[PDB]
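Overview (structure and organization)
This is what each chain is made of:
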Amino acid sequence: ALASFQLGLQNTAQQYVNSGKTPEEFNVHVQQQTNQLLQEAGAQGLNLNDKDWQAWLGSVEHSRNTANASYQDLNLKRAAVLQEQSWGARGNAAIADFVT
Amino acid sequence: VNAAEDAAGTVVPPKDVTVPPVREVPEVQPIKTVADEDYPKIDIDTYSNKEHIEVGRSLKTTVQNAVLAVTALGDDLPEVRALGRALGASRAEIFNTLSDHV
Amino acid sequence: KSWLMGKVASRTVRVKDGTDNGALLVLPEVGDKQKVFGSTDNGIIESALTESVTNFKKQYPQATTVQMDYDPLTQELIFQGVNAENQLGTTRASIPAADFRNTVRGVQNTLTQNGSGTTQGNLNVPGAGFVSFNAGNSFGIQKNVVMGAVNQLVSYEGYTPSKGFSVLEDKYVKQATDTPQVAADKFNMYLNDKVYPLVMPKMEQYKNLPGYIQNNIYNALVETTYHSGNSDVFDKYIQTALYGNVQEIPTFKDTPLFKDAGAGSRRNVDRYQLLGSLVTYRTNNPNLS
Amino acid sequence: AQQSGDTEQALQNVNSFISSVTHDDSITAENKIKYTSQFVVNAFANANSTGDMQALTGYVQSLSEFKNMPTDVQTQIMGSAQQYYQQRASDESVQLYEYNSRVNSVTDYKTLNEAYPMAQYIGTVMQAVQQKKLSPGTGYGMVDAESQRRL
Amino acid sequence: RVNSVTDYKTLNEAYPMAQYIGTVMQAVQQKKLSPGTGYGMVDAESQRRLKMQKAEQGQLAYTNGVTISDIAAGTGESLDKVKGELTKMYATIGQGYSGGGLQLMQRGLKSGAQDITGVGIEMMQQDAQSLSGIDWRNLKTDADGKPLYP
Amino acid sequence: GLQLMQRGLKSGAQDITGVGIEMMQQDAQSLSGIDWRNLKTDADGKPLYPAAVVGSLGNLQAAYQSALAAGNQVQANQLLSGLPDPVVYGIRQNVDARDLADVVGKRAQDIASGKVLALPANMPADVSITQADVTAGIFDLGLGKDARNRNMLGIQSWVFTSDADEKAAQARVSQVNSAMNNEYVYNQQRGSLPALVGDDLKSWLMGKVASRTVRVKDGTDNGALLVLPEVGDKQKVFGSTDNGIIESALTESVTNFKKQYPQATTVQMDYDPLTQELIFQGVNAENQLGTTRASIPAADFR
Amino acid sequence: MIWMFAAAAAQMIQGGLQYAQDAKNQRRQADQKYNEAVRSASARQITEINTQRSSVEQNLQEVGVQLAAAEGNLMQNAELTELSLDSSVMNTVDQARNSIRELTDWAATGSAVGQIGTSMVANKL
Amino acid sequence: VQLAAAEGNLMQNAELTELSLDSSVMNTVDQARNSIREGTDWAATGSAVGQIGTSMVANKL
Amino acid sequence: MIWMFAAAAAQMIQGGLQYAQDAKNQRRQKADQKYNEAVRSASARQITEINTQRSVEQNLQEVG
């Protein structure tokens, strides 16, 4: 279950980026996904704060931090790409009008 | 033995070996071979009709081969030795084991 | 280049002895190897050439490399020292092919053990389990025939820690500290040293009978000799059954050999079966001599 | 039974059938001998280790019902067992050659160390050499060959 | 019917010796067969069973032997004979020289023995001689010009 | 012929198997005339063999395998001594029955093209017979009535053997080797050797020699071994084509010859056509001949 | 040995006999015209019948699918980075990255993290 | 039918025991077995059962 | 260096075997096979049913 969740968050990050969803919709999704795993962990063991479960929580934290970091950079790249394309499109019309 | 040490021995491993209660013996024939004594030592002379150098008037060699041997085993020569080295980098010769003749 | 290297690669043999790294030789081409070398496998020639190579190197220490050649006219093998630049030295040696073939055959015979094959075996000892056993013998009895009588001796005598196989010198008896393997080794030695020499000489008289009758007689003779140390006890009754008066057979019950084995044990029934079959064989062949 | 590593249950199973055949009263003596001999002979052919062979040999030769059989059947069974023996021994030695072939079947360096660490190969070879399943000369050479090939 | 069997285990499982001997001797007793044609029949089976028992042990040396030397040391045959026997065996297994030779070469290569690979290569390169006689220029041609190799 | 051979093999009689083999190898001669290179071809290049040869090859292979199955190599080699060279080559190369015709067809036109090297004037050393070949199962005659009549050498003891039997076996091996050498030389001189090498040639020669061996009975233990000479037609000289009668008839002559010359170990037989005479002579090892000789007219033998 | 090929010979006998029977069966035949139609018709029916007939163990499959998707995603993203020296995007982006990150010896960082690697959560609580 | 099924099952199961000599799982197994089984002579073990022989049920009922 | 081509050789071994094994299959056999391929046209017809039936990005397409 832990391995599946770790990959699921990262895979969902780019899917949300491609659709132009706002950060709030990503944050609510992240919290909802984390809550289910945390609740499920309550039956698959006592979650007693010993070394193994502490390490489990430590991994879970970074599993969220990494996706939260990547989500910003993906949009940062996309915005620059779109800006360059729009600036080229704006320059085409100037030559069109000059010729006309 | 000395020709079965290359066997793999995957049948009847060493865990399951024992000495046989009787002594074996192979079936070879009783024959030797001995070098003959009356055969002549035949050699052909191919230097009579050419210029050549005689040493101690047998072994046959060439001049460009003999010279090098002299310089190598020539620690008792005046430092002549350089001339020998230079010449060695420049016929038939006969001595009446080369490294010891010189 | 690959074609030439493959052609040369097939004729290379790495002689072993003489120094470190051994020596390297290239055999000459011959019409058929079986006439000159006596075998088509290089692994035997490599072992056979060792003595000749060692002697040649001993006679001429200054020689660094050796070359081999074949002279068909006189059926001769020649060795010669070689120098660089394809030049040849003055040292030479000669060896006839006949003695080389004889040596090769002698090595092969030792390897294959005169063609009789291996003789390693195993035994089933009560309690102790499986143990090693060697069936070799000096009379030429094939393995599965030798193993026949021991499987009856073991089935009759049995085995116990305090008695072993019931062998009755110091090296033929079991001591308190012997392991079962050691006891089995002593038992085999005692057999080979004190049973077969007394049983084999009396087998020359029964060659007129079929083979399996002789095989049956062999087991009975071995069993009797083991328990009595004398093969004349039962051969007398065998001769009586084959040629003597059959009416004297039932007197065998008064001998110590019968008494010691029990009045109704399987051992005695097995003994009487052979005598009952010999009489039938005699009856069915009135011309028996 | 022995696939789970329990020989005692296998011995109990064999004894259960032997005793079930022995006490039946609807068959003749020769059939009782035939069935018992066939089952006993077939039992040896299925042993998968040299320890099971010894255990079964010890059990069989002590059973009272086997002591009273005719001599020609006891001799035949004894001769037959010794043939499956030395064969179950040769197989255990050929196993190491098969393992070495499997090890040598790899051609890339990274996966070789990922799957077959040297410290385990050396131990596996030396343990077999210690138990006299392989001679020293055919184990040391095997180790040296791998050591040179890896470099 | 008795002689129609070819393997040792099933022979003893189906035809015990003690029953065959009794069956033959009972007929000999009733004067249905002469003594000379019953004793010979018993002896022939007695010899054949030992022969098969010996052969079964020799089969293992070929099956498990790692080199030619220890295969010969087991069966007792000369090296030239075991070479031919292995050739025949692996030709029978592979249905021809090419298939048997390939498998024999693979076995030699994986077992680290030069002797077996040599005999495999002998078969492999003996089979190849068939390619010298083909007339390449006159092979039948397909409707699209592609030749039709056998 | 196949059924007769099967009956002979299963009944343990050599005489019936011989007459079956005669038919089997008389039928095989039809394969020599086929023009393999000009057979009609299928649309996919596959030749079209007639149905008459498929059922002949499939029966020859079955007969050979049946002969080998019983452990009788003598009469299996005797069968291969009358078949044409390509058929003999094909059978010994174990191959699926569906490809035997193709193999034979390819081999025939490979031979026709001169792709086979000529044999030397002296028989190769690898064709001789040695102890390793005896251990391999040669000289095994299969099932039989008497112990003396299932080994071609005629030795009786098969369980316990003395050195006297070893000496006789050693002499008889050399006798067979000499016979094979003479046969090979005679065949080579006439230029009629088959296109075979090594084991195939050894089997061919052994099958040729095996047909002319007779085991005379009386005189001592193990009897005696003789190889009859080749004759135009047996019915004119010997008076019968069956060896079982000649074996019984030669007993008196062999016993007398051995009685006159106790020192003789082996006997050789030869035929002199010019005077219609049969000659006996003692032989030594290394193909050398002794001084003893005897002569018998053919009329009284018949 | 000669007696260890007996089983193979016995099994190979049956091959030759069948090979001869087929020749006779084909030679005894113009019934081929009738014979062909049977197969020609049966093939269609057979084809029609065939056409008519035509925990942890779940998390593992989900993991496999998502791993394949992640590998695909990292591909098609590495490609743009490959062009960094030419695009001038990943240059305009690197400018912003550097400008925002300013609010080194790499070996030093690794040692600092390693010195407390396996006790971070224990120390935090 | 059940005999055929059992043969198939055993044949399918033997595959892992074949690789036991290098599989890592068979080191956790055969260690658990030994830990759960707190110079054994096998020959001695067999004789004990053999001596009791066919009177097993009789001697415990 | 010989050891660089080990993987390539191992991959190339597989090609040779099935090249010879495919040829052997054809020699061992045909009309019935042809019929099945013709029926396969139904799948093409079945696949022919679907085949027979056959805010910046918007601004960019319009601009083009």
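Residues numbered from 1 in each chain as written, not as in the entry; some residues may be left out. Chains lettered and ligands numbered in written order. Part of a larger assembly, values for the part shown. Heavy atoms only, no water. Residues with missing side-chain atoms left out of burial classes, pairs and counts.

Looking at the entry header, you'll see cryo-EM listed as the method and 3.32 Å as the resolution.

Here's the deal with the overall build of chain A
Selection criterion: Secondary structure follows DSSP: runs of H or I at least 4 residues long count as helices, runs of E at least 2 residues long count as strands, and numbering of each begins at the N terminus. Atoms counted for the radius of gyration: C-alpha only. Globule rule: 2.2 Å times residue count to the power 0.38. Throughout, a residue-residue contact means that at least one pair of heavy atoms, one from each residue, lies within 4.5 Å. Accessibility throughout is a Shrake-Rupley quantity obtained with a 1.4 Å probe, and a residue counts as covered only by protein chains that appear here. For the purpose of counting charges, residues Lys and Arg are taken to be positive, whereas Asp and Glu are taken to be negative. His and the chain ends are not included. For charged residues, the charge sits on one atom: NZ in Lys, CZ in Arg, CG in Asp, CD in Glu.
Helix and strand content of chain A: three helices and zero strands. When the helices and strands of chain A are listed from N to C terminus, the series reads α-α-α. Here chain A has a C-alpha radius of gyration of 21 Å; the compact-globule value for 100 residues is 13 Å, and the former is much larger. Along the longest, intermediate and shortest principal axes, the C-alpha atoms of chain A span 75 × 20 × 20 Å. Look at the contacts in chain A between residues 6 or more apart in sequence, and 67% of them connect residues 24 or more apart. Total accessible area on chain A stands at roughly 6,900 Å², and carbon and sulfur atoms take up 54% of it. Taking the average place of the 6 positive charges on the side chains of chain A and the average place of its 9 negative ones, the gap between the two points comes to 5 Å.

Section: the pattern of salt bridges
Cut-off, in case you're wondering: Only one rule defines a salt bridge in this text: a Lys or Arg side-chain nitrogen within 4 Å of an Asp or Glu carboxyl oxygen. Only protein chains enter the accessibility calculation, which uses a 1.4 Å probe; a residue whose area is less than 20% of its type maximum is buried, one above 50% is exposed, and one in between is partly exposed.
Counted under the stated rule, the structure contains 27 salt bridges over all chains. Residue A:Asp73 is joined to G:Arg97 by a salt bridge in which the shortest nitrogen-to-oxygen separation is 3.0 Å. Here A:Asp73, found in helix 3 (residues 51-99), pairs with G:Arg97, found in helix 6 (residues 92-101), and the two come from separate chains. Overall, the relative accessible area of 35% leaves G:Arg97 in the partly exposed class. E:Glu45 is paired through a salt bridge with E:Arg48; the nearest N and O atoms lie 3.2 Å apart. With E:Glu45 and E:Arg48 both in helix 3 (residues 36-64) and three residues apart, the pair spans about one turn of that helix. The pair formed by E:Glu45 and E:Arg48 is uniform in burial state, with each residue classed as buried.

Focus: the side chain of F:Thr213
Heads up, the condition is: In the analysis that follows, any N or O atom pair within 3.5 Å is treated as a polar contact, provided that within protein one partner can donate a hydrogen and the other can accept it, and provided that, for residues neighboring in sequence, both atoms belong to side chains.
Looking at the element boundaries, F:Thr213 is found in strand 1 (residues 213-214). A polar atom in the side chain of F:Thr213 sits 3.5 Å from the backbone oxygen of F:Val209.

Brief notes about the environment of H:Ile36
Within the element layout of this structure, H:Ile36 appears in the loop between helix 3 (32-35) and helix 4 (42-52). Sequence separation of H:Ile36 and H:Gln2 is 34 residues, and the distance between their C-alpha atoms is 32 Å.

Some thoughts on the interface of chain B and chain E
The criterion, for reference: Buried area counts how much accessible surface, traced with a 1.4 Å probe, disappears from two parts once they are put together, with both parts' losses summed. Throughout this entry, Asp, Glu, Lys and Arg are counted as charged residues, while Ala, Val, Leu, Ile, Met, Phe, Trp, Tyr, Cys and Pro are counted as nonpolar. The remaining residues, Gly among them, count as polar.
Every contact between the two is made by five residues of chain B and, on the other side, six residues of chain E. Together chain B and chain E conceal approximately 440 Å² of surface at their shared face, both sides included; 64% is due to carbon and sulfur atoms. On the chain B side of the contact with chain E, B:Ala8, B:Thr10 and B:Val11 bury the most area, a combined 69% of that side's loss. Here chain B is connected to chain E by zero salt bridges. Our enumeration of links across chain B and chain E arrives at one residue pair in polar contact. Along the lines of polarity and charge, the residues of the side of chain B that touches chain E split into three nonpolar, two polar and no charged.

Focus on the packing of aromatic side chains
Here is the rule: Note on ring pairs: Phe, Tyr and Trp rings are taken, using the six-membered ring of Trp, and paired if centres are within 6.5 Å. Classes follow the plane angle, with under 30 degrees stacked, over 60 edge-to-face and the rest tilted. Comment: the charge-over-ring label is applied if NZ (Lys) or CZ (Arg) is within 6 Å of the ring centre and within 35 degrees of the ring normal.
This structure, assessed with the given rule, holds 25 aromatic pairs over all chains. On the numbers, 6.1 Å between centres and 45 degrees between planes, the contact of C:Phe56 with C:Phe79 is tilted. With a gap of 23 residues between them, C:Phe56 in helix 4 (residues 50-59) and C:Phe79 in strand 4 (residues 76-82) connect regions that are remote in the sequence. In textbook terms, an aromatic cluster arises when at least three aromatic residues are bridged by ring pairs, as seen for C:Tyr159, C:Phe165, C:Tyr172, C:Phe187, C:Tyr190 and C:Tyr226. Over the aromatic face of A:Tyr16 sits the side chain of A:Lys21, whose NZ or CZ is 4.9 Å from the ring centroid. One residue, F:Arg107, lies across the ring of F:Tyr89, its end atom 4.1 Å from the ring centre.

What about empty space enclosed by the protein?
What counts, and what does not: Cavities and pockets are defined on a 1 Å grid built over the protein atoms alone: a cavity is a set of grid points where a 1.4 Å probe fits but cannot escape, while a pocket is an open set with protein on both sides within 12 Å along at least five of seven lines, and lining residues are those with an atom within 4 Å of any such point. Grid points are joined across faces, edges and corners, and a volume is the space filled by probe spheres set on the points.
In this structure, the largest cavity encloses a volume near 70 Å³. Contributing to the lining of the largest cavity are C:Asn124, D:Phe44, D:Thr57, D:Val60, D:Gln61, D:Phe66, D:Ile77, D:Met78 and D:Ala81. In terms of residue class, the lining of the largest cavity is built from six nonpolar, three polar and no charged. Volume-wise, the second largest cavity comes out at about 60 Å³. In this structure, the second largest cavity is lined by F:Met152, F:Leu153, F:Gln175, F:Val176, F:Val209, F:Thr213, F:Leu225 and F:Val227. Counted by class, the lining of the second largest cavity contains six nonpolar, two polar and no charged residues.

Quick word on the nonpolar core
So the rule is basically this: What we call a nonpolar core is a set of buried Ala, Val, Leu, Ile, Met, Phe, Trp, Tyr and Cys residues that are connected through their side-chain atoms within 4.5 Å.
Ranked by internal contacts, the top residues of the largest apolar core, which has 55 residues, are C:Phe165, C:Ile217, C:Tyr218, C:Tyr226 and C:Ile238. Broken down by element, this core gets its largest block of residues, eight residues, from helix 9 (residues 211-228) of chain C. For C:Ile238, the contacting residues outside a window of four places in its chain are C:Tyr206, C:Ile217, C:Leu221, C:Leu275 and C:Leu278. Counting 38 residues, the second largest nonpolar core, distinct from the first, contains C:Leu27, C:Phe56, C:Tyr70 and E:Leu104.

Points about the interface of chain D and chain H
Interface extent is often summarised as the accessible area lost during association of the parts. Taken together, the contact between chain D and chain H spans 21 residues of the former and 17 residues of the latter. Buried surface at the junction of chain D and chain H, summed over both partners, amounts to about 1,700 Å²; 56% is from carbon and sulfur atoms. For chain D, the biggest contributors to the area lost against chain H are D:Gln3, D:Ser62 and D:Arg102; these three give 24% of the whole. At the boundary of chain D with chain H, the tally comes to one salt bridge. Here D:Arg102 and H:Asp22 are joined by a salt bridge, their closest N and O atoms 1.5 Å apart. Joining chain D to chain H, the criterion identifies four residue pairs in polar contact. Within the residue set of the side of chain D that touches chain H, elements represented by two or more residues are helix 1 (7-23), helix 3 (50-62) and helix 6 (87-104) of chain D. Taken together, the residues of the side of chain D that touches chain H sort by class into six nonpolar, eleven polar and four charged.

As for the sheet that holds strand 3 (residues 92-95) of chain B
Residues and elements named next belong to chain B. This is how it is decided: Note on pairing: two strands pair once DSSP finds at least 2 bridges between them. Angular values range over 0 to 180 degrees, each being the angle between N-to-C directions of two axes fitted as lines to C-alpha atoms, with helices fitted over their stretch in contact.
With respect to topology, three strands assemble into an open sheet ordered 1-3-2, the strand pairing being mixed. The two strands at the open ends of the sheet, each matched to only one other strand, are strand 1 (52-55) and strand 2 (59-61). The mean angle between the axes of side-by-side strands here comes to 20 degrees, regardless of whether they run parallel or antiparallel.

Describing the sheet that holds strand 5 (residues 88-96) of chain C
All names here are of chain C. Across the sheet, which stays open at both edges, the three strands sit in the order 3-4-5 with antiparallel pairing between neighbours. Either end of the sheet is taken by a strand with one partner, and the two such strands are strand 3 (66-71) and strand 5. Across the sheet, the axes of successive neighbouring strands diverge by a mean angle of 25 degrees, strand direction being ignored. Strand direction decides the pairing type here: strand 4 and strand 5, joined by six bridges, are antiparallel. Within strand 5, the residue paired with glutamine 80 across the bridge is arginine 92.

What about unusual backbone geometry?
Located in the positive-phi region is C:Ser166, a residue other than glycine, with phi close to 70 degrees. The exposure class assigned to C:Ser166 is partly exposed, which follows from its relative accessible area of 30%. Despite not being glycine, F:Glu286 has its phi angle at roughly 70 degrees, a positive value. Summarising the element assignment, F:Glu286 is placed in the loop between strand 4 (277-283) and strand 5 (289-297).

A short note on the side chain of E:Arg49
All names here are of chain E. Residue position: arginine 49 is located in helix 3. At 2.6 Å, the side chain of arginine 49 and the backbone oxygen of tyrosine 15 are in polar contact. Ignoring any residue separated from it by four or fewer positions in sequence, one finds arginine 49 in contact with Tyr8, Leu11, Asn12, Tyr15, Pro16 and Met17.

Considering helix 2 (residues 14-27) of chain F
Residues and elements named next belong to chain F. Our working definition: Each helix should span, by expectation, one fewer than its residue count multiplied by 1.5 Å. Comment: arc refers to directions from the helix axis out to C-beta atoms.
Here helix 2 is 14 residues long and its end C-alpha atoms lie 20 Å apart, about the 20 Å a rise of 1.5 Å per residue gives. Where helix 2 is concerned, the buried positions are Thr17, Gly18, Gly20, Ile21, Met24 and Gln25. Take helix 2 and look down its axis: the buried residues cluster within an arc of 170 degrees, on one side only. Facing away from the buried side of helix 2 by over 90 degrees, the exposed positions are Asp15 and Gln26. The inward-facing, buried residues of helix 2 contact helix 1 (2-11), helix 3 (51-69) and helix 4 (73-79).

Observations regarding the environment of F:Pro297
All names here are of chain F. Turning to its location among the elements, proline 297 is positioned in strand 5. Take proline 297: its relative accessible area is 40%, and that puts it in the partly exposed class. Counting along the chain gives 226 residues from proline 297 to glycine 71, while the straight-line C-alpha distance between them is 40 Å. Ignoring any residue separated from it by four or fewer positions in sequence, one finds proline 297 in contact with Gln276 and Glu277.

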